[PDB]
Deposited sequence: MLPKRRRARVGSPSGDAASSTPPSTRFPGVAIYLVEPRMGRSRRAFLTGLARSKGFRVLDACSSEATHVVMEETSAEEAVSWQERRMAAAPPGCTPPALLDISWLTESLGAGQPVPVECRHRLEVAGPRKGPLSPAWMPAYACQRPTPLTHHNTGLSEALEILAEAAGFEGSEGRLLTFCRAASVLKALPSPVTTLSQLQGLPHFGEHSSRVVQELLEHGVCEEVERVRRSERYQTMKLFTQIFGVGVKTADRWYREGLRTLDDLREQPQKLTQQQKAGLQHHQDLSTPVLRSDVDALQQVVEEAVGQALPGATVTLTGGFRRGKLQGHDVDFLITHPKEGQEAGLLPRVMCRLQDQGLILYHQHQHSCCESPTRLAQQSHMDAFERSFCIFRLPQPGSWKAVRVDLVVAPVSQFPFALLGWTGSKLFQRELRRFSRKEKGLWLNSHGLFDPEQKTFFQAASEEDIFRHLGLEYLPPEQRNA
């Protein structure tokens, strides 16, 4: 089993959910305590289990797997022997973990913000609503719409959303296209947000497109929160909150809109499709194993000072020496 998540297919459905979820609890807790290295190892170990074809039943099966060492093997060992791991259970029942998970699940709140609020004695969402001076406008929106934003987004919502996004994009720029990315492109049936990638076949036509799209959406009354203020002034990404029509009502939905020039489209498609761990492992592999710098704009050779002109995601995998993984196999 190879060491990078971008070297192995990881499907939606896998066989070690109980073991994976426990390691991901420890990964989350490591992040809450500011140990980004420990988070990564626990996430990578959990990902290794997701790629296995069969359930792990004996400790010997962990031999030869990357990212498994004394600590992660002890966690699996306890789960195999007793069905629970005492370290994991102590974490999930701890007030620190429950409060940090509660606060970091708010749109606009990360680990450092949640940790500050925790040290100040805050424990519940109502504690936050009673301290509005501690909140950015972004966090006020995440708190105001928290119940809706914690409701899982379904495929039915995605199709309705893509319709209204395509309408606004079409009114903003003839011939522009809209591509669903993110978890739903990977085959997930639920999500916490919906990601769309927007481009135009003619390079340059997409300049200034996202503000025109956001204005069309605001005019349809569809935007509840938007981070940029528009009638640097230009922007190409918007992580907004939509007022999605429902039968006789509406529901707030997190939506990401990204504009990219068509020359960068395969890199943008690869980037925004995820998963998050897949992307980190792919970019790490690119830099550390191939000496190339990858992001959502391109693939840069710092020695030749040139960008690789890709026409497809397959082109990028091939240039990196990787077997192609379709999006449904990028669920690391």
**OP:** Extract from the deposited sequence all ranges with no corresponding C-alpha coordinates, numbering residues from 1.
**Re:** 1-137, 369-381
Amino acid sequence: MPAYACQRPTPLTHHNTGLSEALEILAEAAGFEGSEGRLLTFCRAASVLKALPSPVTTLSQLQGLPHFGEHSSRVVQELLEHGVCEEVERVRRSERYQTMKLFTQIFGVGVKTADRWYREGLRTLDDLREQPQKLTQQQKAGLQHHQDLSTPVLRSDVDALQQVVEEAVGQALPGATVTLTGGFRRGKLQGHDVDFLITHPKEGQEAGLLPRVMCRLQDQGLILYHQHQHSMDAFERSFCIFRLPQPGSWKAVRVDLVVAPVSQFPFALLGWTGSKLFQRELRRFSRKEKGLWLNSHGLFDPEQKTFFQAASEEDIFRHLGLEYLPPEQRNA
From here on, numbers count along this sequence of modelled residues.
Original post:
When the other PDB entries of this protein are compared, is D233 left blank in at least a third of them?
Top reply: yes
Original post:
With respect to the recorded C-alpha B factors, which stretch has the higher mean value, 289-297 or 58-66?
Top reply: 58-66
**OP:** Quick one: say whether 78-86 or 246-254 has the higher mean Cα B-factor in the deposited entry.
**Re:** 78-86
Original post:
With respect to the C-alpha temperature factors reported in the PDB entry, which of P132, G108, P211, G182 ranks highest?
Top reply: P132
Original post:
Among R119, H145, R237, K112, which carries the highest Cα B-factor?
Top reply: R119
**OP:** Could you look up the Cα B-factor of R155 in the entry and say which third of the chain it sits in: lowest, middle or highest?
**Re:** highest
Subject >> Chain thirds of CA B-factor: placement of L12 >> reply: highest
**OP:** Taking the chain's C-alpha temperature factors as the reference, tell me which third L125 falls into: lowest, middle or highest.
**Re:** highest
Subject >> Chain-relative CA temperature factor third for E167 >> reply: highest
**OP:** Could you look up the Cα B-factor of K50 in the entry and say which third of the chain it sits in: lowest, middle or highest?
**Re:** middle
